[PDB]
Each structure stands twice: as C-alpha cells, then as structure tokens.
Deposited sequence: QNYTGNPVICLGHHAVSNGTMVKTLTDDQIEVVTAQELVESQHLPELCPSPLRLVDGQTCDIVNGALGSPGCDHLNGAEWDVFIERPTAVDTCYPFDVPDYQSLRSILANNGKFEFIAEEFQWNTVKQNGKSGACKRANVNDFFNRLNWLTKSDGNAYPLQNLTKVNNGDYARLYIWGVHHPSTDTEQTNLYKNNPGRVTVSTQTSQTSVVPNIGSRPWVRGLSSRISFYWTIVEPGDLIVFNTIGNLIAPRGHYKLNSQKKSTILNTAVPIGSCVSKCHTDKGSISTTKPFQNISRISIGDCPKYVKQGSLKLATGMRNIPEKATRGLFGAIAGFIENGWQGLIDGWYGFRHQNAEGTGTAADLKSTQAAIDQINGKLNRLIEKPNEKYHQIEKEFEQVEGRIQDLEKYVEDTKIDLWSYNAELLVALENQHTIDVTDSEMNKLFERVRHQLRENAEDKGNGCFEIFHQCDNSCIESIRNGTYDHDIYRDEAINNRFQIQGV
C-alpha cells in the first residue's frame, strides 16, 4: 500500500544521566535530585522549641554561673549551645563531662528546687574573684562553698535528704582542689579533706587533689563537679570533713526525657522547619542529605553521595520512522504518540492513555519516596576536639558504620528505581504498538521500525479513527487483503 502510521516517544535535545544496576550513565528525558545539599542560613525557631544558651554552655547554665540567669526556668526541645560560650566563674572540670551534659540536655528543662541544708558550724556562701557577678565577688548560684569557721573548726557534716516527692531529683555538687597544703588547712582545717555522697545503692567518695596548676582566671585551684540522681523513695547523704562544694537544692527531672542539644554558631531566625543541623536548618522533601551527620528532628537520611538522580522519564534517544531506532523531538505534548504519512500529508498526535499510564507510575514512585516522620532527638556526639581512646573509638565507628550502610541503601535504591522506570516506559511503548497492531488486524503490516504499512487509502479522518480507537477493520478488510497479497 502506502499510507503509514508510526508509533513513537518524546525526546529532548539534552537529557540527564542516571544510574542503574548495569551502568552509571544512562540518559533519560527527566531526572530528580534525591540528595539535599542546600541548607538555610539560620535555625528555624518553629515548630521545635529552641533555647539559646548564648554565653552559657549547658553545664554552667546548670551550675548557675554569672550571665546564665536567662536560663532559669527554661524549657527546650533543643538547647542551642554556642562554641563561643565563655567561662565566667571558678575554673572547674567534670569527670565524665559528656554524661552530665547529656543528662541536662536530654532532660529538657531547668527547674531548680531550693532546699535548706543545715550545715553545722562551717562558714557558708564562699565567693570568688574569679566569679564576679554585677561587679562583686560571687559564686555559682546553685552551689554553696563551705569553709571552716572563724573559730577554726570544720566538724564532720552528715546531712540526709529523703526523696518523698513524685519525681526523680538531680543533685549537683563539687569538690574543691587547693593548690597547697597551706591552702587546704587555711580553708578546711583538716588535711586531707574528703567528700562523700551516698544513696541506698551507691557511693561516690572523692579525695581532693593538691598542687600548683596553670593560672585560670587568676587561680591555681580548681573545682571538680559531680552529680547524683535520687529516685522517689530513695535517700541521699552528703558527708564531709572538707572540700565540699554543696548543693543549694536540686533540679527536677522529667519522667519522659525527649530533648537534646545542638552545638552551633548559626543564629536563630524566623523560618519554619523541623530539621536542624549544626550548619543550619533544612527545608526539603528529598529523602537524603549530604550536609551534616549532625541532625535533629524530622530529617532526611545523611549519606556520603553528593548526588543521586532518580529518573522521572523514559530513556532519551535522538532522532518517517517509529520507536525502534529513535525518539521524536517534535512530540512535546505527550510521552507517546502517532506519526502518520498519507495522501493529505503528515502529522503527529500524542496518545493520552499510554502517556498518562507512564506518568502515574513515576508519580507513584515519587510518593513512595516520601517517608513518614522518623524524628530523632537525643543521639550521640559525632565530633570530638581531642582523642580519648576506647569509648570515642566506639562512637565514631558506630556512626561511620551507620553512614556507610545508609549510603549503600541510597545507592542501591535509585539504581533499582531507575532500572524499573526504564523497563516500565519501554513496556508502555510496546503495549501502545500492540494495541494498534490488533486494531489494524489484516489490513496492515508491521514494517519493523515501529511503523504499520496500511493497505487501503487512509484519510486524515481514517487516521483519527485509528488514534481514538474507532477504526473498524472490517470496513476496509476486503480491499486491504487483496492490496496485500495481489
């Protein structure tokens, strides 16, 4: 005969490379980036409740150093701690520092309950030139520096507090470390001193350390802070013959501990986001991010890859003939379509049903990549100033392992998605072609290039009947059969 109908698919001048199981660069018409690499320049104060430490890290917040008054009564989902935090009080350290920091941050509030402690015969409310408050010598406002009396006495202290409330209590207490033996006896009479804090099932006892040390805020002495949790029904004893930095009460512990801490210089802005990193919040719908392993809230999974491209279109093939060799750059209002050549000339029209089928499957894939919120809050430290050994080895190894596994998952996921997407769109093309083959029945012959040679005169109107499925092959059959075989 001579009128020809072709089936084919769209194509663009320049597409995007994606990966599959079998190769790392297959060009497809459209693609979607799955790794978020952009963050906001600020931290969003909504909807998570953020509290800014400003000059106070969370530990001198609990101790009550000068400049930390704004944190009294505070409640947070995320405590924002500044790397710029400045010391304003007595030089201290904290054995197992990170555990106290963790407990304070996880707890999520500063609610202090003043208690009267009947210390006997010793001086109270010791103050320091290294801890000026409102330009006067002062001290941590949650702590009480006991010293020997003017009569030169420091008798054994032995105070019990019973937890008969309905919440667990957190006591913070310290041990003072003088610079010389002379200082030890000048302050506490007894040498050595001893600080002992006991519950029903535990006991921390500390012998003070004596010796000259580097000047810190003018001083060679130090305080080491410790803490004790007291469950309801439990008791705590404070027992000393010297060097106790006494609590003035206790912090309330929440039963549910759901909060956390983020150490970052990034300012708090006005945006809205439930995902925070140390580099700023993230506002995205992508499932992965390469911005930071440190993240909090409703977040994308951290991976090592800078880019993972999800195919959102069929394979892109460059350019009458059908789909067996090429794609059609001219087809721009559909994914698949008909190209014809008859007496009245040529033309191209899109096929809606096959185009809509391929699009629905791709959107389906996209929606499935929207995971339900898997909100994470208190996790583990992921950056460290200096080496510590065993426990830090374990922490870095855990995070390193986790990241490798998720990066693998991401990599395999997009390869599998893309392989299927390509097969799905290849399959929609062949089904379109099969549909028409069966429409034409014995009236036409498969040319092999995705085109049917039709063996009867075919109108522009006869073409239209083929494309909308009203073509009745019986009408043309007699004529067609003997155009074909004779």
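For this chain, the deposited residues without C-alpha positions form the stretches 1-4, 324-332, 500-503, given in sequence order.
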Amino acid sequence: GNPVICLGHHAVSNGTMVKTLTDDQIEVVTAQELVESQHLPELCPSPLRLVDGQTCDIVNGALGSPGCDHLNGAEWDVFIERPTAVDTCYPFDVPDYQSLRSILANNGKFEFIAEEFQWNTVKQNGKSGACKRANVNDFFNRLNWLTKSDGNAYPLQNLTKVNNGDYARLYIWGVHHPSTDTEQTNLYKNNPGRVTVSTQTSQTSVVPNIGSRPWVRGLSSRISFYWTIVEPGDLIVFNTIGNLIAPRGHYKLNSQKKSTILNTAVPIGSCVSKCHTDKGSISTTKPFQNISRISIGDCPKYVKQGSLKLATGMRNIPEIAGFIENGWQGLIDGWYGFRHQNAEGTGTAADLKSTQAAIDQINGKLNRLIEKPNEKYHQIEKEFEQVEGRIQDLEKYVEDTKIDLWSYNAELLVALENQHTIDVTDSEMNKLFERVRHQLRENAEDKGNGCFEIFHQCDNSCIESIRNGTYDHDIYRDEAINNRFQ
From here on, numbers count along this sequence of modelled residues.
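Mean CA B-factor, 412-420 versus 73-81: the higher value falls on 412-420. The PDB entry reports B-factors from which the mean C-alpha value can be compared for 450-458 and 53-61; the larger average falls on 450-458.
Comparing C-alpha B-factors across 379, 240, 354, 281 in the deposited entry, the largest value falls on 354. Across the options 219, 291, 268, 320, the residue with the most elevated CA B-factor in the record is 320. When the CA B factors of the chain's modelled residues are split into thirds, the value for residue 348 lands in the highest one. Among the modelled residues of its chain, residue 328 has a C-alpha B-factor that falls in the highest third according to the deposited record.
Ranked within its chain, residue 369 lands in the highest third, by CA B factor from the PDB record. When the modelled residues of the chain are ordered by C-alpha B-factor, residue 129 sits in the lowest third. Ranked within its chain, residue 315 lands in the highest third, by CA B factor from the PDB record.
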